[PDB]
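>>> just to be clear, this is only the beginning of the complex, oriented as in the whole thing:
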Amino acid sequence: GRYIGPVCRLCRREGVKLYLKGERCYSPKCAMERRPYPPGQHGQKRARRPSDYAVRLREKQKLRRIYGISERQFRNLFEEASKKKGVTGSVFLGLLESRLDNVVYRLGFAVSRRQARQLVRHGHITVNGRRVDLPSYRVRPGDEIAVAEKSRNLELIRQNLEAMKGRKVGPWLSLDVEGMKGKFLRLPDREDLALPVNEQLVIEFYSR
Amino acid sequence: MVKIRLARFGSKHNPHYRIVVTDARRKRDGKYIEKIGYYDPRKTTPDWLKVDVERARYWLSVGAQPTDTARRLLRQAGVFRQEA
C-alpha cells in the first residue's frame, strides 16, 4: 500500500521542508536544520548539474511525496486533470486538495497527512453525516467534514482541534473548531496556496 | 410474437432494466425495436421508472404483448386506466 518508513530523509532529499511530520518536520527541522543535505553515504558531497530530466523528476517526486500518494492514484489525477481544458496545471492541485485525507490535514483534525489517513481509514471521520473510511474520497463545494460520535472524544482529537485555535484556515475552508465541523467552500486556485512546487515542471515531466 | 419486457443492464447485484419492444425470439439484452423507458427494482433513484404512454399504447394498438411482470409496471404506471 502507501509508503511506510523514513520520511525526514525525503524531507531532505528534495532539499525542502515539507512538514510530513507533526511537530518534528515542523519543530526545529525535518531532521534538516540539523542536516540540510541528501541522505545516503554520499551526503556531504557536491552535486552534479542536474539534467532537465532529473529536475522534472525531482520537482515531481516533491509534489507527490507531499500528499504521500502512490504513483498509481497520482498520475490518474494528472490525466483526468489534463483531460479537461483551461490550464490543467492549476486544475491538477485542485483534484489533489479535494481528497478526504487532505481536507482533514488542513482542517487541523490531524497534524500530518499520514495521521489524517489513519483517521479516515479507521472511520473516525464524517461527511455530511456519513461514515467515509476512504482517503480517496473526492470532496466538492459545501461538503461538511465533522467527527463521529463514537469519536467526538479521544484525547487526541481535542488536542488537534485545540491547537487549531491560534491558527487560520484556507480561503477555501472554514472550521467550527468548537463543534468539530468544517466546510469545503471552493476549489483553491494556484494562488489560494503557495508551494515549493512549480506545476509547469510536472506538466513537462508527463509529456515524456 | 412481439413482446414488451425487461432487459438487464447496469452491473452484478445492481439491475437497471430497460423496457423495450422487440421480437420474442431475440436475446433479452439484444437488438430491440424501440426503447420506451426504464426501471430500478432497487428504488435508489427518483427516476426509478419512466414510460412514453403515447408511444407505448401504440404498439398495443398494433398488437404487442407485455410480460406478466412487465404488466405490473405498465398497469401500475397509469397506462391501462381506460378512463371515460
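All right, it came through fine. Numbers count the residues shown, from 1 in each chain, chains lettered A, B, ... in the order given.
>>> how many other residues sit next to residue B:63?
Summarising burial for residue B:63: neighbours were counted as other Cβ atoms under 10 Å in any protein chain shown, giving 8. All C-beta spots, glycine's among them, are computed from the backbone N, C-alpha and C.
>>> thought residue B:41 was touching residue B:17?
Yes. Counting by Cβ atoms under 8 Å, residue B:41 touches residue B:17, with 7.2 Å between them.
>>> what about the two, which has more around it?
Residue environment comparison for residue B:41 versus residue B:17 gives the larger neighbour count to residue B:17, 21 against 13, counting by other Cβ under 10 Å.
>>> I figured the more buried one hits residue B:39, correct?
Yes. The criterion here is Cβ under 8 Å, and residue B:17 meets it with residue B:39 at 4.9 Å.
>>> which residues are common contacts for these two?
Any residue near both residue B:17 and residue B:39 by Cβ atoms under 8 Å, 6 or more residues apart in numbering or on different chains counts here, and that gives residue B:6.
>>> excluding its backbone neighbours, what's nearest residue B:29?
Among residues not flanking residue B:29 along the chain, residue B:7 sits closest, at 5.3 Å (Cβ to Cβ, 6 or more residues apart in numbering or on different chains).
>>> spit out the contact partners of the closest residue to residue A:122 other than its chain neighbours.
The spatially closest residue to residue A:122, leaving aside those adjacent along the chain, is residue A:133, at 7.0 Å (Cβ to Cβ, 6+ apart). Residue A:133 makes contact with A:120, A:121, A:122, A:123, A:125 under the criterion Cβ under 8 Å, 6+ apart.
>>> now the sequence for chain C, which goes on the structure above:
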Amino acid sequence: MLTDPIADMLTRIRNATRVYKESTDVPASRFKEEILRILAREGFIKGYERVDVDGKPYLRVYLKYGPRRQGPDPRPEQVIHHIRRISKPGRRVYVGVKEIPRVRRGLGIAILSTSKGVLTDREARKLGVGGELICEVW
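Take a look at chain C, now in place beside the chains above:
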C-alpha cells in the same frame, strides 16, 4: 505550353518580388483578373492595367514592398512573403464551407473559386459556400 496558367502568374509574381521590381506582365484572362482583384482589395499589391504586348493582351501587375531597411542587406521586407498553388491541374482541391483554411491564424489570405465567384477564406465562410481552393498568400 502552359499546363497551368494561374500557377504561371503566381510564379511570375513570386519571381519578380524576390528580385524587387515595379511590375511584371502576364497573359490576359477573365479568371486571372478576378484573382488580382482580390490582391488589390486586400492590399497585397497595388493594381494593374490591362496593358497590351504586341497585339497580345497582358496585365502589368504592380508590386508593393516594405520600407528600405538598413544595415547588412538594406533590401526591404516583402509585402508578399510566400505564395504557392494548391489546387493544381494534376490534382484539384475542393473544400466545403466547413473545410476552409486558416492562413497564419488570420494573418494571411486564401483565394478560392466558388459558385458565387472569386472569394476569400472569409467571404466563403460569410457567404456560406465552397469551391476550388486556388492558393494562399501572406
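>>> please reconsider the contacts of residue A:133 now that chain C is part of the model.
With contact set as Cβ under 8 Å, 6+ apart, residue A:133 has these partners: A:120, A:121, A:122, A:123, A:125.
>>> and if you look at residue A:71?
Residue A:71 makes contacts with residue A:64, as judged by Cβ under 8 Å, 6+ apart.
>>> likewise for the one 3 residues further on?
When contacts are counted by Cβ under 8 Å, 6+ apart, residue A:74 touches residue A:64.
>>> quick one: residue A:59 is in a strand?
No. According to DSSP: H, G, I helix; E, B strand; the rest coil, the state of residue A:59 is helix, so it is not within a strand.
>>> quick one, phi psi at the nearest residue to it once chain neighbours are set aside?
The shortest distance from residue A:59 to any non-neighbouring residue, by Cβ to Cβ, 6+ apart, is to residue A:201 (4.3 Å). Residue A:201 adopts backbone torsions of phi -70, psi -30, taken as degrees, to the nearest 10.
>>> ditto for residue C:113
Backbone torsions for residue C:113, taken as degrees, to the nearest 10, come to phi -90, psi 130.
>>> so it touches residue C:135, yeah?
No. Under the criterion of Cβ under 8 Å, residue C:113 lies out of contact with residue C:135, with a separation of 10.6 Å.
>>> what packs against the longest strand anywhere in chain C?
As assigned by DSSP state E, the longest strand anywhere in chain C is strand C:130-137. On a contact count with 3 or more Cβ pairs under 8 Å, 6 or more residues apart in numbering or on different chains; DSSP states H and E, strand C:130-137 meets helix C:5-17, strand C:83-85, strand C:94-96, strand C:109-114.
>>> chain D should go on the structure too:
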Amino acid sequence: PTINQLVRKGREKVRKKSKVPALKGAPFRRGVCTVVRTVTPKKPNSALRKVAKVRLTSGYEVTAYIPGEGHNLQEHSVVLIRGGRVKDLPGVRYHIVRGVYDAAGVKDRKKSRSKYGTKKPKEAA
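The block that follows adds chain D to the chains above:
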C-alpha cells in the same frame, strides 16, 4: 513522384522481419538440450560463453545462451526459451529462462534474482 504515379503504384507498406522466429510468435517455447558446450566469443571481447543447442517443440533446433555463473544442463535436459540475442555470440538469438524444467537458477545469487531464477534466501536464521 507525381500524384498520378501514386494512384498507379501506391506507397508500399514496409513490413518487418521477426528477430525470433523459432518461437513461432509466442513469448516462450519449451524445448530439449542436445549439445552443451563453451564457445569463444567474437569482436574485441574474449571468454568462453556457456551456450546450448536446443531441440524444441516446433521441430526447430537453435543455439541458446545460458546466463549467469554455472549451470546444471546435460544432454537430455529440458528447458525453456526466452528470446533476445547475445551479440558477442554470432548466430544465437535466444536466452534460457532459469529455474524452469531442468534449468536450475544460479546458486548464491543475491542481486537481480528475477532473472537467474534464484529464490529469496534466508537472512539471519
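>>> the neighbour count of residue B:63 again please, this time with chain D.
Applying the criterion other Cβ under 10 Å, we find 8 residues in the vicinity of residue B:63.
>>> helix/strand/coil for it?
Bear in mind the rule, three-state DSSP; under it residue B:63 is coil.
>>> quick revisit: how about the longest strand of chain C: buried residues?
Counting neighbours by 16 or more other Cβ atoms under 10 Å in any protein chain shown, one finds that the buried residues in strand C:130-137 are C:130, C:131, C:133, C:134, C:135, C:136, C:137.
>>> would you map out the domains in chain C?
Described in terms of CATH domains of a matching chain, the domain architecture of chain C consists of the residue ranges C:3-80, C:81-138.
>>> columns distance to residue D:78 on top of those, output as CSV?
CSV is the format used below for the domains of chain C (distance: least, Cβ to Cβ, whole Å):
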stretch, distance to residue D:78
domain C:3-80, 72
domain C:81-138, 63
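>>> looking at the ones you listed, which is nearest to residue A:173?
Residue A:173 lies closest to domain C:81-138 among the domains of chain C, at 42.3 Å (Cβ to Cβ).
>>> returning to what we had before: now, among the buried residues of strand C:130-137, which is nearest to residue A:40?
residue C:136 (59.7 Å).
>>> quick revisit: between the domains of chain C, which one is closest to residue A:161.
Between residue A:161 and the domains of chain C, the shortest separation by Cβ to Cβ is 55.9 Å, and it involves domain C:81-138.
>>> now do the end-to-end distance for the closest one.
When the termini of domain C:81-138 are compared using Cα to Cα, to the nearest Å, they are 6 Å apart.
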